[PDB]
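The residues making up each chain are set out below.
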Amino acid sequence: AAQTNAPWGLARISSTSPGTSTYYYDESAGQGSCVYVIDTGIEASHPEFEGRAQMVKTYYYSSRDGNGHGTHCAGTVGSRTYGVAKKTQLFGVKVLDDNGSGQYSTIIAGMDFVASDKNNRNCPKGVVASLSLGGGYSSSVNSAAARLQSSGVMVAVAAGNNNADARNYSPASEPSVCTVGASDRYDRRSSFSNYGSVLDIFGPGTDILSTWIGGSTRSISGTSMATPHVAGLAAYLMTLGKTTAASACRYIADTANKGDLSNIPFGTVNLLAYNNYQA
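So, how was this worked out
The numbering scheme restarts from 1 for each chain and tracks the written sequence of that chain rather than necessarily the entry's numbering. Residues without coordinates are not displayed. Side-chain measures were taken over the full set of non-hydrogen atoms in the model, leaving aside hydrogen atoms and water. Residues with missing side-chain atoms are left out of burial classes, side-chain pairs and their counts. Comment: axis = line fitted to C-alpha atoms, over the contacting stretch for helices; angle = value between 0 and 180 degrees taken between N-to-C directions. Comment: elements are numbered from the N terminus, with helices defined as DSSP H or I runs of at least four residues and strands as E runs of at least two. Throughout this description, any angle smaller than 35 degrees is read as roughly parallel, any larger than 145 degrees as roughly antiparallel, any in the 65 to 115 degree range as roughly perpendicular, and the remainder as oblique. Working rule for contacts: check all heavy atoms of both residues, and any pair within 4.5 Å makes them a contact. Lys, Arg, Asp and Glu make up the charged group, whereas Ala, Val, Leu, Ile, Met, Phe, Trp, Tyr, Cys and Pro make up the nonpolar group; the residues left over, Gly among them, are polar. The definition of a nonpolar core used throughout is a set of buried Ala, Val, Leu, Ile, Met, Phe, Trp, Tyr and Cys residues joined through side-chain atoms within 4.5 Å. Think of it in three bands: residues with accessible area under 20% of the maximum for their type are buried, residues over 50% are exposed, and the middle band is partly exposed, with areas taken using a 1.4 Å probe on protein chains only. UniProt positions are given in the numbering used here, feature names are shortened, and annotations may be inferred rather than shown by experiment. Polar contacts here mean pairs of N or O atoms no more than 3.5 Å apart (in protein, one a potential hydrogen donor and the other a potential acceptor; neighbouring residues in sequence count only if both atoms are side-chain atoms). In what follows, a disulfide is any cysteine sulfur pair within 2.5 Å. Should the near helix be turned counterclockwise from the far one by less than a right angle, the crossing is left-handed, whereas a clockwise turn marks it as right-handed. Here is the rule: rings of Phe, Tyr and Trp (six-membered ring for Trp) pair when centre to centre is within 6.5 Å. Planes less than 30 degrees apart are stacked, more than 60 are edge-to-face, and the remainder are tilted.

Some details on the packing of helix α3 (residues 104-117) against helix α4 (residues 139-150)
(1) Moving on: Closest axis-to-axis distance for the α3/α4 pair is 9 Å, and the angle between their directions is 10 degrees. The angle between α3 and α4 falls in the class roughly parallel. For the pair formed by α3 and α4, the contact residues are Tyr-104, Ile-108, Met-111, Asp-112, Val-114 and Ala-115 on the first element and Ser-140, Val-141, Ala-144, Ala-145, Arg-147 and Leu-148 on the second.
(2) Moving on: Of the residues belonging to the contact of α3 with α4, the class tally is 9 nonpolar, 1 polar and 2 charged.

Quick look at the nonpolar core
General note: in soluble globular proteins, nonpolar side chains tend to be found buried as a group.
(1) Moving on: Ranked by size, the top nonpolar core spans 45 residues in total, and within it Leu-90, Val-128, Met-154, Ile-201, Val-230 and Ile-252 carry the most contacts.
(2) Moving on: At the level of elements, α1 (8-13), β3 (33-39), α2 (69-78), β8 (153-158), β10 (178-183), α5 (223-239) and α6 (248-254) are the ones that each hand at least two residues to this core.
(3) Moving on: For this core, the element with the highest residue contribution is α5, accounting for 10 residues.
(4) Moving on: With residues near it in sequence (within four places) discarded, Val-230 still touches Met-154, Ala-156, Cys-178, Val-180, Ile-201, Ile-252 and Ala-273.
(5) Moving on: Counting residues in each nonpolar core, the second largest holds 27 residues, with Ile-108, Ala-115, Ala-144 and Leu-148 among its members.

A few points about the UniProt feature "binding site: Ca(2+) 1" in the protein chain
(1) Moving on: According to UniProt, the feature "binding site: Ca(2+) 1" maps to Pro-175, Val-177 and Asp-200 in the numbering used here. The greatest C-alpha distance among the annotated residues, which extend across 26 residues, is 9.1 Å, indicating that they converge on a single site.
(2) Moving on: Along the chain, the position of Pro-175 falls in the loop between β9 (169-170) and β10.
(3) Moving on: Examined against the element boundaries, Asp-200 turns out to sit in the loop between β10 and β11 (201-204).
(4) Moving on: With sequence-adjacent residues up to four places away left out, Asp-200 is seen in contact with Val-177, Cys-178, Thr-179, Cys-249, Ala-253, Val-269 and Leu-271.
(5) Moving on: Engagement of the side chain of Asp-200 in a polar contact is seen with the backbone nitrogen of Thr-179, the distance being 2.8 Å.

Description of the UniProt feature "disulfide bond" in the protein chain
(1) Moving on: Below 2.5 Å lies the sulfur separation expected of a disulfide, and the 2.0 Å found between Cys-34 and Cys-123, a pair UniProt records as linked, sits within that range. With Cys-34 in strand β3 and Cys-123 in the loop between α3 and β6 (126-131), the pair connects residues that are 89 residues apart, well separated along the chain.
(2) Moving on: Of the disulfides catalogued by UniProt, the one between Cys-178 and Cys-249 is formed in the present coordinates, where the sulfur separation is 2.1 Å. Here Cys-249 lies in helix α6 and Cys-178 lies in strand β10, a separation of 71 residues in the sequence.
(3) Moving on: Overall, the relative accessible area of 1% leaves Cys-178 in the buried class.

Some thoughts on the packing of α2 against α5
(1) Moving on: Where α2 meets α5, the closest approach of the two axes is 7 Å, and the angle between their N-to-C directions is 35 degrees. Handedness of the α2/α5 crossing: right-handed. The segment α2 lies against α5, with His-69, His-72, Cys-73, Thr-76 and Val-77 engaging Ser-224, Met-225, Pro-228, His-229, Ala-231 and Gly-232.
(2) Moving on: Looking at the contact of α2 with α5, its residues break down into 5 nonpolar, 6 polar and no charged.

Comments concerning the state of the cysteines
(1) Moving on: Using the criterion set out here, one finds 2 disulfides in the structure.
(2) Moving on: At a sulfur-sulfur separation of 2.0 Å, the disulfide partner of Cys-34 is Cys-123. Negative torsions about the S-S bond denote left-handed disulfides, and the value of about -95 degrees found for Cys-34 with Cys-123 makes this one left-handed.
(3) Moving on: For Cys-34, a relative accessible area of 0% gives the class buried.
(4) Moving on: Residue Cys-123 is classed as buried on the basis of its relative accessible area of 14%.
(5) Moving on: Shown here is the disulfide that connects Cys-178 with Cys-249, its sulfur atoms set 2.1 Å apart. Taking the sign of the torsion about the S-S bond as the criterion, the disulfide between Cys-178 and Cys-249, at about 75 degrees, is right-handed.

Some words on unusual backbone geometry
(1) Moving on: Cis geometry is found at the peptide bond from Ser-170 to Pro-171, where omega equals 5 degrees.
(2) Moving on: Structurally, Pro-171 is set in the loop between β9 and β10.
(3) Moving on: Phi at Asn-163 takes a positive value of approximately 45 degrees, unusual for a residue other than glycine.
(4) Moving on: Structurally, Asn-163 is set in the loop between β8 and β9.
(5) Moving on: Residue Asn-263 is not a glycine yet carries a positive backbone phi of 60 degrees.

Structural notes on the packing of aromatic side chains
(1) Moving on: For the coordinates displayed, the defined rule picks out 2 aromatic pairs.
(2) Moving on: Look at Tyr-36 and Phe-91: their rings are 5.0 Å apart centre to centre, the planes differ by 50 degrees, and that puts the pair in the tilted class. One end of the pair, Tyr-36, is in strand β3; the other, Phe-91, is in strand β5 (residues 89-94), with 55 residues separating them in the sequence.
(3) Moving on: Classification of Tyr-36 as buried rests on a relative accessible area of 0%.

Next comes the structure, spelled out in C-alpha cells:
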C-alpha cells in the first residue's frame, strides 16, 4: 500500500533514503495487534482513530487527554493518516496528568497494569507498549519496564530530550526494553536527543505531524515522537509474523538503515528504524 503526501517520518521508515513523501507498507497494517500508549491519555473520539482507540485505565479524575501529548503519540502509532500501524488497536493508560507530569509510583503501577491487562484483550498478533515519558535514573522504574517486557510486551521507551547520555534516565536506561532516540528529516540526530550505549534504535522525532486534542493536528518534536514510530513498527512487523514481542527490538536493529545518520556520538548505534517493505 502507498500513502501519498505522508508525514516525513512515515515516508522515512519505509525508505532507504531521506527526502521522499510517500509511505509504503503491507496492507495488513498491524491488524490483530495491540499497542498500549502509556501517557496523558488518548482522545479516542478523534476521527483519525476510526473507533480503534479506547481508554482502559486512568489514575486521575478523568481518562480524557487534557494535554494532547498522549493523543499525538497514539496518532503516530496508529491513526489513519499519521500512523505507522493503521489497523492496530490502541489502548490508553493515563499515568500522566494534564500538565504532562506523573509520579514514578503511578507510572510503575501503569506498567504492571498493562502486563496484566493484555490478558483481558484480544491481540492474537501480539502486544506493544509505547512509553514517551521518563525522568532521572530509578532502578524501580527500570524494573517495572523489564517486567512488562518479560511478560510478553514489546516495550519501546523514549531516550529523553536532554542531549545527554541516556544511562542517567529511566526507563531509558533499562537494557531489556527498546530505547529510542530521535532523528530529523535530513537524517541528523535531533538536537535534543539523548544518546549512549543504552539506545537501541533511532526514529523520526523532529517536526512530527500527528493528532491533537479537540479533533485537531499539530507538529511537535521529541524522543516522545520517535518512540511511537518504533512501537507502531513493532506492531506492524509482529502482525506480519516477522518477529515477536521478545525479539522485535533486536529485529528492528537487525533490519535498520545503518550508518546513515549524522552527529551520532562515538559509541551510540547508527541505526534508523526501517520497515523493509518491498512494494
